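Below you'll find the structure, written out as structure tokens, and then a few comments.
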DNA sequence: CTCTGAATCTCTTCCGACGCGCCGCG
RNA sequence: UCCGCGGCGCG
DNA sequence: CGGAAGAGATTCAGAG
Ligand SMILES: [Mg+2]
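Protein chains in written order, with the working numbering: chain A, 19 to 1353; chain B, 45 to 596.
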């Protein structure tokens, strides 16, 4: 079953995997983010209200004055979208906020406020986003891409190698907040704990340990455990468990219960440990020498005077033992002193402490943060609390604490943004665990650490910055607030936040201009992921780990489509079925699999969790009942892929399509070609340009419909119904009874878009593709845009191509082209330029736009109006007058202009046509300042603008008023029906049917007002519109009126253009060849494009071969249809023929027939097949060799696809059969007329007497440095002198040479390079003395 | 700079000078007042820092910014840096009388000449036009000549043609790498909008026709013209300064044409006659009464230089094919006939050129190269060496070879699940057995493809060389090598992890058949690694070249 | 005890291809 | 109205 | 920001 709209033409499809999921909305990211950013959600949940409740309320510090938030509202935009783009203003909308101001009583803080104030306050405006996901700033379109940055959390890096190369690895711990100072933990070869704050100097951890109010004993108890000793008479007996004897050599005779288990020196394996564990006693006896290097834990003090017997982190000596045993504190708590399980780094870390006191630590960090300042206790405390306790200057998002708890193997989900003490204690503990060896570090390229942002949150961040700035200002003002002396907006300013958001949208490394040439670029330039901008790395901070792709990128980030050159892998694209998780991670779908059956339902899975499960390869032979015909299948695990059993996998991939990007999915037969070749093919395909008339590619992928529909570059039926009127300007559609709204629905109007300048000087256009009075179905196309036809995407065209070397004209890759294509004008393209003339109000005479110009001929005025502006439709060429703008150059001194002079000379400043380009006037735009004279031509242009601006409204009201008149007809059925005056009295005029009933007139009079209201809204819409056209335009100061003109040029193919296909085949057209010499077949048709077969071996792209055979098959059906339809045969002949055509597949899900179809439906379907058969192909499940072979059998072509050919010049057989067929050719917008350029003598620069640069100015090329050394490599000397002295720098030399050359005496003069004289000046401008010397 | 209205975005130096002069004015004013020491030393401090920043900025903390957000420029910035004065205005400076365009082939020119589009030709030589117009006196003032050349009257194209006849020009390639990147050509007027190049120069330029663009320059004086025709010329540069091997070696198409030209199937129509000269062989081929190549005895005359400065003729009845003789028809006198009896590969033709230069001077070598290029295009167009999908014959035994391979991988796995072996040992030996399988499949497909053609041979049967298009393109040395066909037809080897570790599962598919997702993903790994490698390597290469050319 | 000194760790600086085209903002 | 920054693209 | 380099402060370090 198919809709009638699909029945325009049905596409042959292949493939055996039955799809289940539909392609989602291709603009979900931007739409969801912007919708979430502006909507009335209670409790915020990442919204504007969240930022408001963060910044609010505002309280005067001890001033007992409170400003508290109420609500915000937005009004309608004052302008439209289209004329807003035309004019130049942004498409913003006002921000209306209600603020509540109260002042507490000075006698009672908690007491009630004396008064309450509330009012609506306006501040700034914010840009709006159109359904296509666009933005408007200054009469243009700009788009913000999404940023990709590391998530706020913890990282652990190896950094093996460079430092102390003949040494083992290091380790480091990093914490990055969402907004705040960085904090770094790292190691050194001497193995000490050091901390660094914000890339500053290296400091030990002990300073912050003590500054966190910890004593040494507390710290050592934290990082270490106890080993207890006793002052005992017999050798100080002591207690040991074998857990600390795991893997040590016996430094003692192992004895217990008076029985030695093993002697000194024997390594204690597991067997001896277990032997100890049988009747495991702990108290044993050891000699004394072992404690020589061992370190006490606590701080034992004397009892005679209180002196400290031994402090922490120092070892013990025999005298210490003796004079602590003299005191009798038997319990001796010592340090564990492990080597391979608990590295005692804390010991020497505390030993190299510079200080020992909290106040000293505060003073030290005080001088570390700000050098050269007097140490103050309170200032140090204030800065320390303003780094990790201050919720203002430091904070974490909920995602930050989420990953923090996940990384530390914690279980808490929700806490506070600010950090604590025990958390960084745990960071210590985990870091020292890692240094011990156990545990595992984390990489960076893994996507479970990668976070994606979008427009809403960065907009919220910039807006929050603006609000905190203005809040600072408001509090500063409120410090001197008075008793209810003002209304609560004099303290607020709309300037700062408006300026901030305007700068963010205007100037940003994320708000790039958008390349508007074709819908493919439209859809692929929005779903783009970048890693640049603030908070991320730059273009050359990139190593190699960021550059290469990672296994986690599968199904979430396209690996094959990315720009190449200066930046690779930094501008990666997002997948086709991927989506954004709630937190800000990526997600990809999977099919749930039961014990032996796969369910239809799906799950969305994050990046971190997928390692816990195993996923099967997509193109597995799933059985009819959801089983696997094999008992074993390859499946990708957390690490790699491996063949697993029948019952090991639990999730199935949705389809083969979810591996690549949108642009990549459009390349047919992709699986047969190399990665880099496909990459360059996609990079070219994104750069195509629509031609004059589009035509569907013969080989498609099935994705054309989705991208065409979702990208709003075409007219879509908001409601289905019946066509009523169609035109090249507007479309009128009848609404069906079920779909119309109960309250005065009426009909819909669709305004088309005509020829208009695009962002890339291309012709955006909309052609209707619907006949008259056709039933249209809900959500379907009506009018085709550029490079689109009948609702499918069509960039290039289809050519008859052959692969053969011919007379060297295809030497490397040069594309030979037949004359027939330019004969048909089938690659003809259009460009639209833009020329601007300003009218400033400067001194020495305000500028005039008069038609009077001196020193010119009458040829200009022959093509000019008395206003000076060109008439519409003039065949102007380069260097022609367009607008006539001219600027002029007591009682005794002012009259000399007549006595000794003649007249003031007014200087011409006419904007001419740039040289080299033709064109024709298609549109003139004139803007005027507030209160300036409007010349004649400007008056009619608004008059033509005026009368059309009221016809469309009148046409709208005429249809709009029709609905209310049916209400008259339905009520007033019976009565006096007029024979002839039924129409002379129109559908409205029935309350004047001579006499009228006493009750019928009531409804007639009642509705008479509502027509007037419809007239009233007609009046206001007229009155509002007539003001917009009549009102001026605020501009930059000084200028008075804008003169915008438009040109249209018809660009043809000429030798030098840049041609390309869909499999990476580059090329430039070398020679255009007349028809007679082209090769041709026995049938009589010629061939159009001839290529070089040598591309296939070197660059392995066999895919372009396989499509070419299909092109013959696609035409091979079509011409056979064409052969039969030329003679009027009965319909069932083609009906069975087309039936077998859409039959003849291996195993497909298409399963279409023709019996159910009406005869006229089949006939109109036949004529759309006059050009061939559109054939679909999935990216990986495409057609194999066999079914291509048997498809040609239905045609009348040889089985091999291999055809002998006849020569165009000599006309004989070729003793090798050649391969011909079709191939999809598009055109790039890299022409030759815009590149070829030269100068002989033009302008020069001011600071140096050197020629200009660039083609826009009449400038030349740059003699690069590199060819300099190249030139003396040959014995050439004079040219080096001659090129850079007499042609570039010397001023007297060239003029003599210029005068000398016109006489033939070619001679050179040395001169002296003035640039060197420029050099000596500034080096003189310092204390340096330098000059020339003796001659 | 005069900008819109009374606004002028002037240089930062003006701001620095204004700041320091205001500072000095305030300071010298306040010392008149006998001010207290604290404020005067504060002013002297801030003046000192101001003038220090004026001399050099960035050497102090909190470098003073400029207009909005960036550190202002200084004199030290004006002297040093890539944006400084040296490397943008002294070592390299923009020059007039130049131009730029895009390249095409136009493979019918001579090696000592190049084309040039008509409008460019008119634009470049305007002073020469004025001079010659004065010489014939058809104009009087500069204005008359200017309006005549702007009208593009037909009476000036003949002068324009006259001033070209031997007036040379220069060409340039923007990433100029070595000394051959600059050459000179005798220009010839051509219609169009693009530059035309002789094909044999693009190899030296390493300039593919993908859309590279050239620059042009015009020598002016007699010194310049003689200097250009002496050393800038393309003719007198045929050996690379890096190595004595030549630099006009043919690249892609003429080599294919000649390689196809000198191959002989054992049986073909027109086999087994005798001819007395290459001329009648050419006539017979144009008649179509004999094959392009078949074993034919011919009478060949050859010259040789045994005499010290003189040539000696001698005749014989050699045995060869027709194509060898018809190629011999154009070869110069010196070389012996034995120089063409081989298959004329890439190395062979390079040796041809080298020997011709070493024995027969310079000019005959040049004309020989030009004429062999002409014949190469002619017979390459005549051949019709197309490509076809049916060409790539896949070997059949490879399937059961693979089947055996997973048999031993299952076997080694089931030893490993019994504690017999460790992970590393099994890793190494599965790599070994997979590599051995690759060797076997590669050798099998090579022997299947290499000589598949068979013929009855005027009788029972005979086995000879192949005639597949892929093979003849491969062994010609034109494009690709053995590994390309190995990748395409046979197994695509085995790829490694990004770190460098090898994947245990090899690429068991090939481009002619379909490809599953994961192996394509690994191929993406490899390709992205290579592209990143070259993209990063370019900058280091250029920088190293700069330092080395500076040091010596 | 005081070196002199011989590393040794710290801190700062200088640098990172070429050429062109297009667009935007002070 | 021609100087400087940023971004994109091409080789 | 990786790396080199180079100057400089530090810090044992055997000879005393
Ligand atoms: Mg190139």
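Quick reminder that beta carbons are idealized off the backbone N, C-alpha and C, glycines included.
Hey, is residue i's beta-carbon within less than 9 Å of any beta-carbon in chain A?
i	result
residue 190 of chain B	no
residue 171 of chain B	yes
residue 489 of chain B	no
residue 212 of chain B	no
residue 145 of chain B	yes
Can you give me the C-alpha to C-alpha distance between residue i and residue j, rounded to a whole angstrom?
i	j	result
residue 814 of chain A	residue 1097 of chain A	24 Å
residue 139 of chain B	residue 703 of chain A	37 Å
residue 694 of chain A	residue 107 of chain B	45 Å
residue 1368 of chain A	residue 1304 of chain A	Outside the displayed range of chain A (19 to 1353) lies residue 1368 of chain A, so it cannot be described from this structure.
residue 228 of chain B	residue 843 of chain A	38 Å
residue 369 of chain A	residue 572 of chain B	50 Å
Using a beta-carbon distance below 9 Å, is residue i in contact with chain B?
i	result
residue 1130 of chain A	no
residue 1100 of chain A	no
residue 565 of chain A	yes
residue 1307 of chain A	yes
residue 1220 of chain A	yes
Got a sec? Which residues, its chain only, sit under 7 Å from residue i by beta carbon, not counting five neighbours each side?
i	result
residue 329 of chain A	317
For residue i, which residues from the same chain have a beta carbon less than 6 Å from its beta carbon, with the 5 sequence-adjacent residues on both sides left out?
i	result
residue 1009 of chain A	1022
residue 733 of chain A	768, 800, 801
residue 281 of chain A	271
- Message: Taking beta-carbon pairs under 8 Å, can you tell me which members of the stretch 238 to 255 of chain B lie near chain A?
- Response: 238, 243, 246, 252, 253, 254, 255
*For the stretch 856 to 881 of chain A, which residues have a beta carbon sitting closer than 8 Å to at least one beta carbon of chain B?*
So the list reads 858, 860, given in the order they occur along the chain.
inquiry  = Closer than 7 Å between beta carbons: that is the criterion. Which residues of the stretch 412 to 444 of chain B meet it against chain A?
reply    = 421, 424, 425, 427, 428, 429, 430, 431, 432, 433, 434
Original post:
If you pair each beta-carbon of the stretch 790 to 810 of chain A with each one of the stretch 723 to 731 of chain A, do three or more pairs fall below 8 Å?
Top reply: Touching, yes.
Residues of the stretch 1323 to 1337 of chain A whose Cβ lies closer than 9 Å to any Cβ of chain B, in chain order:
1324, 1325, 1326, 1331, 1333, 1334, 1336, 1337
task: Taking 8 Å as the threshold, find out whether the stretch 583 to 594 of chain B comes into contact with the stretch 703 to 714 of chain A through three or more Cβ pairs.
output: no
| said: If contact is defined by three or more beta carbon pairs under 8 Å, each pair taking one atom from either stretch, is the stretch 773 to 784 of chain A in contact with the stretch 506 to 520 of chain A? | reply: no
Notebook entry, point to check: Hey, is the stretch 329 to 344 of chain B in contact with the stretch 360 to 374 of chain B, meaning 3+ C-beta pairs nearer than 8 Å?
Noted result: yes
- Task: Give, in chain order, every residue of the stretch 691 to 705 of chain A whose Cβ lies closer than 8 Å to some Cβ of chain B.
- Result: 691, 692, 693, 694, 697
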